[PDB]
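>>> My sequence and its experimental structure, below.
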Amino acid sequence: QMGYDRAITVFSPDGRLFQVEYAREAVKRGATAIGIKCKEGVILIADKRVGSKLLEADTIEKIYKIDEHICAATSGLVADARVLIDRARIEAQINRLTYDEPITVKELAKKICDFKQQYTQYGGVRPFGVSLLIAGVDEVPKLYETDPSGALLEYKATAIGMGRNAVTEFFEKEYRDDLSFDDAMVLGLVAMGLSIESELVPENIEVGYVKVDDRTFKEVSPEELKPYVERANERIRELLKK
Amino acid sequence: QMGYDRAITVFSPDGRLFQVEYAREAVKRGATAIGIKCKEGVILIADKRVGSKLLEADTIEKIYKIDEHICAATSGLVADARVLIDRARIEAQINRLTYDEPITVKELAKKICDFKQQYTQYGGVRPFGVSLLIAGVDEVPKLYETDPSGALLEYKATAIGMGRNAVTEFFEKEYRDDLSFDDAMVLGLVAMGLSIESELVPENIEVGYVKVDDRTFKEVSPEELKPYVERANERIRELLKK
Amino acid sequence: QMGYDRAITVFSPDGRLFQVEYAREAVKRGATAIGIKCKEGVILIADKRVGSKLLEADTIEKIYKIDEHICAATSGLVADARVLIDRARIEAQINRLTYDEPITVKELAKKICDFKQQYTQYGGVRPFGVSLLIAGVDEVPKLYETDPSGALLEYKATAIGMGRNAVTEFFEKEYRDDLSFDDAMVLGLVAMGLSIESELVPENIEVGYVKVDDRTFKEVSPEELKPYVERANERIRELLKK
Amino acid sequence: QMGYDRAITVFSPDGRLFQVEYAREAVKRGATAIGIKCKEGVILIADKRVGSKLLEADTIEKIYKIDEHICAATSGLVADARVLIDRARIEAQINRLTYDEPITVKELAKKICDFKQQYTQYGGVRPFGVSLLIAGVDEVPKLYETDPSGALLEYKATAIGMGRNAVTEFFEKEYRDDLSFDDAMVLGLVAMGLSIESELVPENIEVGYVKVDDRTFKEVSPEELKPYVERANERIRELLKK
Amino acid sequence: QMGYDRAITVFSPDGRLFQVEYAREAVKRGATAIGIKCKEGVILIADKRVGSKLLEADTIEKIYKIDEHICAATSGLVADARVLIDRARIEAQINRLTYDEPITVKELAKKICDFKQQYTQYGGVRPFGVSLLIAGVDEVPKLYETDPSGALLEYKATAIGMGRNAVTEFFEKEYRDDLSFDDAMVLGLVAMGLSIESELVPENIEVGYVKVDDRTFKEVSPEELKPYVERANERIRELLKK
Amino acid sequence: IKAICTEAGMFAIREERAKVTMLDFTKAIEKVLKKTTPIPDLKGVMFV
Amino acid sequence: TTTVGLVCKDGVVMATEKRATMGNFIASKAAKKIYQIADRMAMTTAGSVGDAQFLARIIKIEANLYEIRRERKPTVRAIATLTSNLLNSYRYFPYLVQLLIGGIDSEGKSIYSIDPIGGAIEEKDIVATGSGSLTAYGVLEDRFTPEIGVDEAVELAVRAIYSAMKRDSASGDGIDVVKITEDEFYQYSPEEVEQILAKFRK
Amino acid sequence: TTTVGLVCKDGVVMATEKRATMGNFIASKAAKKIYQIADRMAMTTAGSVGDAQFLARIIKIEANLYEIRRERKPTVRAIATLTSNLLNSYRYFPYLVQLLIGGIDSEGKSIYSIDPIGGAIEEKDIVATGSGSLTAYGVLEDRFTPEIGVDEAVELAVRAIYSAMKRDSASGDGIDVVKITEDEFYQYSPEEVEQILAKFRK
């Protein structure tokens, strides 16, 4: 309702803030990004689908590296992402500066939601309106959704973007705490194909992953996506026969 | 109220500040958290229940360590609360710096009230939309409640949040001052059982406490949790047969 | 509607800053406190009825030490009291540093009045909606009332808050300037009963005083306040029959 | 509408600022004060009668010593008075700091006037709704009145406050430049006496002056005050036959 | 109606600032002030019929000294005038300070125009509603008008204040450029008398003037005014007849 | 004033009397007014 | 340079050199180093001339300002603290001057020394400070009782500056004696003091 | 300058010597170096007089402030750490003073010793501090009893200082002793202490 969404400083009568709710509407408006955690790693997949064949196939870019074992992928305003992830990188380096330790996904998530909240509090600044799914390996795989609100929540597997609801109803049935690494990234391709409702090629998705066993962030090539891409497709076709 | 609720700089003709009253409603949007003081220690029970089975139940958590003998719980924004409690760690530490003394729970409550009050005065900024429960032992048990305005109320059996209305009702009738640590522990699990209106299990709830004999903070491992809930369940069933 | 109570900077046509009479009403709705000035000392009596018994029955505080010779009692937001008292206590301690002199009740009054008038004058920050009673003995007994706008009014006897009106008429008749310490105290306790429309209990009143010959602040302890109450209940009952 | 009056940064269509125009009437709402000039010095009289039995008969004060040889009266808000006269006094003593010379009566009122001019142009702050009368002898007596705008008018006898309308009519006939100190003092008391419609009492009115022989501020105890009040009162009885 | 007079930051689609044109009409509710330039000096004539008999003879008294060859009259807010007239003295003595040159009138007027434009461009503040006549003899006699806007205009006879429209017309007929000091001085007195609708006497004007030869400000004495008044009244009498 | 006198008249009727007494009028001032604008709300919490 | 102070029963009496010499240079033979702070407060400065004046003026300004804000006479104890606070805060502008503040107030009689490095100490009823102090303490204490009148005090005060002057080659023959008797604030000034020491011959 | 301290089982007794001497130059008649911080807390300084006087007033004022805050009198430790932080903040104003901050609290009796680079350190025995300290330890340490009252600590605290005075010509005479019996804040004052050292000589 009007006048409880004309400021970010104005709490509504209900205790809700309709501005902040409208910044979450911004996150659903965008493109999808799905995060999947398994015990051997946490695999992060993001839509690389373009508006035209006039755009370079890789549009810069949907999965950033933040630390050496920490990545995030994006849904919501791509504008806000530029500054928000830049800030995130400087912070992951700052902890390496001042303790000589790789930052933990809690504490990187924490800095970034605290930074968010400060600009939700002020009425002279409007907050970032993008949600990132920050993934990395600390002592165990971790997967976090940083919300445009300034809230963190840890997930076993998740989604954001336009395909969010579809991939929450999907993982409720399928997701189990036994999933393999390879079957995890595949399960997230299946998810991804459901959201857009079209089949996948390695030219309209981008997968990176975080391995425990390497303890490092790695970026999966299209060439090395190809087997996983076919496998997932058999299942994507079956969901669109339902 | 209709044009005197579009900022915080206003006072209404009621003498009330409706922008601060809307911030208090923000607190009831979030879940209940309950504290009890008994004569042997003070008890903090937080709701940790997940809204989907794809979350991980260790980030909707309320309990935060603030000093080696002061913890606190929260209701309100998640976002605001994490910044509010990172401040309360810094204030507590800052007292140890200049005096070499851990902060009295009474003093710590007075400091963070005063911090929250500057966010209420300024028109460049909205208050913290949170209430706290600060539970500690300085020398003897203390339990205090912050309001989102930065006001200070001493309590002795208390709650905040949605289930607050029912927990008040519950401790009106049941709660007496002749209760032990164990006997007060069970009553707070029963007060959580009333408010969610179902049976508990110890993976949706978390207990922290401060005792006077140990004069420390501890956190109740899941292992030490099961018997308290098993007793509570006996009595939560009776209120679901009223 | 008005638009003159939109902000402080806006006067009404009536030659009134409409928003500071609304900060004034903020005082009225809160619980009451009475200062009673005699020549044998000053008496300060203030609320502890507040909440039920789920609260501490020794909930803290309306009776703030400012110095060891000056005390104050409050009505209005006790958020705004908590910060205003912090500033008052520090303001007084500065005088002692740079002059090695106890500050006088009156000189103290001017400095806090000046502090309140800073937020009153500025438009980007709301005034305080709290009143202050400052009662002390500096070298004669003295009593002021500090208004939310930073105004100074000296009283013979005063109350503020909810019960103000009942007190005004009551003291209009009986109060004399030549009262005893014993008399004035018992009488203001008679008056405090009427204000809340019930008998006293020493758990529902906190009472302080500054004596002429002691030059010190002391708070009267619940059972040392009990014989005074006991002779005061007689009168309160007599007057509530009618 | 009309006004164009919700800010000072917006002129009304009439070429006025309504904001300043409502603040000039906020003086009239305030307590009366009366100025009268003679050639043996200039007497400044201020109403100290405000309240009734609930308020002390000495309410501060309202006729403040600004310098050693300068005093001023106040009308308008009690609250605004408190801060303005703090600055005024500072400035008066600052002139001697930097020059070692008596500040001119004309120039001290100017530098009071400049502070409020400041508050007429910045929008972030409201102008003070207060009028000081500036009375002294630089070496010939001078009487000025300061206005909520920061406007400066040289007077020779004046009233301000409640008595604004009354005393002007009264001085049309009565006033002259060859009244003696005693005839003029007495004429000042009658004039307040019409304002309030009542006979005066020396116990609830405060009178100060700067004479020409002394050139030093003095103040009239209520004991000294009696004979003047007596001579005054006869004429006040004459007024209140009509 | 429109937001265009409701801000000072908004140009109308008429390409006019109405705030500046209502600052414009702040000057016209000031009492008349007239300037006459002759080749033999430059002459500022200003009302001093302002106020009652309860107001001094020398009550404002507009023709304030700015430098040792520069005087300036004012019309508008008497408040805002004092600061511009003060800033005029400093800027002039700055010219004396940084160069050791007599203050060019032209450059002083330029420097007031830039100072007044800081308050025009910025919207958090408001531009003074005063028109000054900057006149003096730097090397040849000059007379300008500086506007509320802070715009430079050269005049050789002008008027400002409520008398303006009458005096513009009077000089369009009468004014000449083959003009002697005595005649000029007589002529502008003629013009003042039309404004006030009434005959002059040397007690209801102040006239300052800046000679070429002398190159200094001097006020004309009442006794010295008198012959100029007498000569001038001849034409006043004729032209206020039909 | 017409409404006060009619409303006061309603109390007199109830109590079975022809005359209107002092009590009935003050009861009518309270009655009429109460139903037109309210009195409850509130005390802190935070305003205490 | 030296200054003395002693507490009389009915007054307080202090003293200054009114001619100050350092080397073969004399700045003024009517140089103030004696300061009237308020009506019955005085300050006497030993140490540097110029910093004396500059600090000393501000302390006058304070005496008035406080008296106006409190509606009462200022105390000795206020101003005694104050000088020292001012001095510690402006050690980026340090004033290297040794003050003696004393006088009469509601509190009663007392004489404080303020060090050129800050800080406000109280002397019981005697004080000297400066180059000539070491001798002077004994000079005063010989005839100091607490019931010595104002007249004998001024005599007594001179004898301490008199003691200093002969030892050193660079002290002044000008002298000011200050009396503070709660009824007058009299400044005896070089002439009047002079003949007190023409009893002492030289 | 020298100050001595010993930790008793019934209080804290610390002692100071007033009068600050360069070599034969004293700056005033007496010079406070004993500060009452609260009825159970003391500060005894050896160092400069002015620097100590400046800092002491401050410390007193924030002690009162902390009392109100916690509603709970400050600890010996808290004052010590407050003091370390105040001295390091103002290490841009040249203040070189060695402090002994001591008293009674709920954790016992203790004295914590401060140097002007920071630091507070535990002593529950003997502590002595200054330019006379080494000689002072000879007396204190041997004749230490941890079964010593506050009443045999005064007899001892004199004797330690007296001995230091006779082995330094930069100490004066002005021996004060302060005693904190847990019921008051007693200051013996110069006179009484002078008599204890008369029966420790002729």
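Cool, the structure landed. Numbers count the residues shown, from 1 in each chain, chains lettered A, B, ... in the order given.
>>> Point me to the residue of chain A nearest chain F.
residue A:11 (14.6 Å; Cβ to the nearest Cβ). C-beta coordinates here come from the backbone N, C-alpha and C atoms, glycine included.
>>> Dihedrals phi and psi, the spatially most central residue of chain G?
In chain G, the centroid-proximal residue (Cα atoms, centre = their mean) is residue G:44; its distance is 2.5 Å. Note on residue G:44: backbone dihedrals following degrees, to the nearest 10 are phi -120, psi 130.
>>> List the contacts of the closest residue to it other than its chain neighbours.
The spatially closest residue to residue G:44, leaving aside those adjacent along the chain, is residue G:3, at 4.1 Å (Cβ to Cβ, 6 or more residues apart in numbering or on different chains). Residue G:3 sits next to G:14-17, G:44-46, G:98, G:100, G:128-130 when contact means Cβ atoms under 8 Å, 6 or more residues apart in numbering or on different chains.
>>> Kindly reformat those residues as CSV containing distance to residue A:76 and secondary structure.
What follows is the contacts of residue G:3, written out as CSV (distance: Cβ to Cβ, whole Å; DSSP: H, G, I helix; E, B strand; the rest coil):
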residue, distance to residue A:76, secondary structure
G:14, 79, strand
G:15, 83, strand
G:16, 79, strand
G:17, 82, strand
G:44, 76, strand
G:45, 72, strand
G:46, 76, strand
G:98, 71, strand
G:100, 74, strand
G:128, 80, strand
G:129, 75, strand
G:130, 78, strand
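>>> residue ranges of the helices in the chain, please?
If you meant another chain, say so; for now it's chain A. Assigned by DSSP state H, the helices in chain A fall at A:18-29, A:78-98, A:105-121, A:164-174, A:181-196, A:226-239.
>>> could you do chain G instead?
Under DSSP H, chain G gives helices at G:50-70, G:76-89, G:133-141, G:150-167, G:189-194.
>>> Most tightly packed of those helices?
helix G:76-89 (a mean of 22; mean count of other Cβ atoms under 10 Å in any protein chain shown).
>>> residues in contact with that helix?
Counting by Cβ under 8 Å, 6+ apart, C:97-101, G:37, G:41, G:55, G:58-59, G:62-63, G:66, G:94-95, G:99, G:101-103, G:105, G:107, G:110, G:112, G:114-120, G:122, H:50, H:53-54, H:57, H:93 sit against helix G:76-89.
>>> so what's residue G:25 bridging to?
Applying DSSP bridges to residue G:25 gives these bridge partners: residue G:22.
>>> Tell me, how many residues neighbour it?
8 (other Cβ atoms under 10 Å in any protein chain shown).
>>> The residue nearest to the centre of chain G is in contact with residue G:36, isn't it?
No. If you go by Cβ atoms under 8 Å, residue G:44 and residue G:36 don't touch, sitting 10.8 Å apart.
>>> In chain F, what residue lies closest to chain D?
Closest point on chain F to chain D, by Cβ to the nearest Cβ, is residue F:47, at 21.7 Å.
>>> tell me the contacts of that residue?
Per Cβ under 8 Å, 6+ apart, neighbours of residue F:47: B:15-16, C:26, C:29-30, C:76-77.
>>> for the helices of chain A, which one sits closest to chain C?
helix A:105-121 (15.7 Å).
>>> Identify the farthest-apart pair in the contacts of residue G:3.
Largest separation among the contacts of residue G:3 by Cβ to Cβ: G:15 and G:98, giving 14.4 Å.
>>> For those two, indicate the residue with more neighbours.
Using other Cβ under 10 Å as the criterion, residue G:15 and residue G:98 rank with residue G:15 on top: 29 against 23.
>>> contacting residues around the more buried one?
G:3-5, G:44, G:154, G:157-158, G:160-161, G:175-178.
>>> picking that back up, nearest to chain A among the contacts of residue G:3?
Scanning these for proximity to chain A, where the rule is Cβ to the nearest Cβ, the winner is residue G:98, at 50.1 Å.
>>> so that closest one sits right up against residue G:43, yeah?
No. At 10.8 Å, residue G:98 does not count as touching residue G:43 under the criterion of Cβ under 8 Å.
>>> Show me what from chain F comes close to chain B.
F:41-42, F:44-48 (Cβ under 8 Å from any Cβ of the partner chain).
>>> Next up, phi/psi of whichever residue of chain A sits closest to chain E, please.
In chain A, the residue that lies nearest chain E is residue A:124 (13.8 Å; Cβ to the nearest Cβ). Backbone geometry at residue A:124, expressed as degrees, to the nearest 10, gives phi -90, psi -10.
>>> correct me, but it touches residue B:124?
Yes. Between residue A:124 and residue B:124 there is a contact at 5.9 Å, judged by Cβ under 8 Å.
>>> what about the residue in chain G that chain B sits nearest to, distance to residue C:68?
Per Cβ to the nearest Cβ, residue G:88 is where chain G lies closest to chain B, at 20.9 Å. With distances taken as Cβ to Cβ, to the nearest Å, residue G:88 is found 25 Å from residue C:68.
>>> if we can go back for a sec, any idea what the residue nearest to residue G:44 is bridged to?
Here residue G:3, judged by DSSP bridges, has bridge partners residue G:129.
>>> From residue B:118, how far out is it?
Residue G:3 is 50 Å from residue B:118, by Cβ to Cβ.
>>> try residue G:2
Computed as Cβ to Cβ, the residue G:2 to residue B:118 distance reads 54 Å.
>>> still on that earlier bit, who has more neighbours out of residue A:124 and residue B:124?
When neighbours are counted by other Cβ under 10 Å, residue A:124 and residue B:124 differ, and residue B:124 comes out ahead with 16 against 9.
>>> Identify the residues contacting the more buried one.
Taking Cβ under 8 Å, 6+ apart as the test, what residue B:124 contacts is A:9, A:122-124, C:124.
>>> And the residue of chain F closest to chain C?
residue F:48 (4.7 Å).
>>> Same check on chain G?
residue G:78 (4.2 Å).
>>> tell me the contacts of the closest residue to residue F:8 other than its chain neighbours?
Ranked by Cβ to Cβ, 6+ apart and with sequence neighbours excluded, the top spatial neighbour of residue F:8 is residue F:28, at 3.7 Å. The neighbours of residue F:28, taking Cβ under 8 Å, 6+ apart as the test, are F:4-5, F:7-8, F:10-11.
>>> Residue F:28 falls within a helix, correct?
Yes. Assessed with DSSP: H, G, I helix; E, B strand; the rest coil, residue F:28 lies in a helix.
>>> Check the residues of chain F next to chain B for burial and list the buried ones.
F:44-48 (16 or more other Cβ atoms under 10 Å in any protein chain shown).
>>> export the residues you listed to TSV and tack on secondary structure?
Below are these laid out as TSV (three-state DSSP):
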residue	secondary structure
F:44	coil
F:45	coil
F:46	coil
F:47	coil
F:48	coil
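>>> doesn't residue C:31 make contact with the residue of chain F closest to chain C?
Yes. Counting by Cβ under 8 Å, residue F:48 touches residue C:31, with 5.1 Å between them.
>>> can you list residues touching both of the two?
In contact with both residue F:48 and residue C:31: C:47, C:50, using Cβ under 8 Å, 6+ apart.
>>> what about residue G:172, distance to residue E:183?
69 Å.
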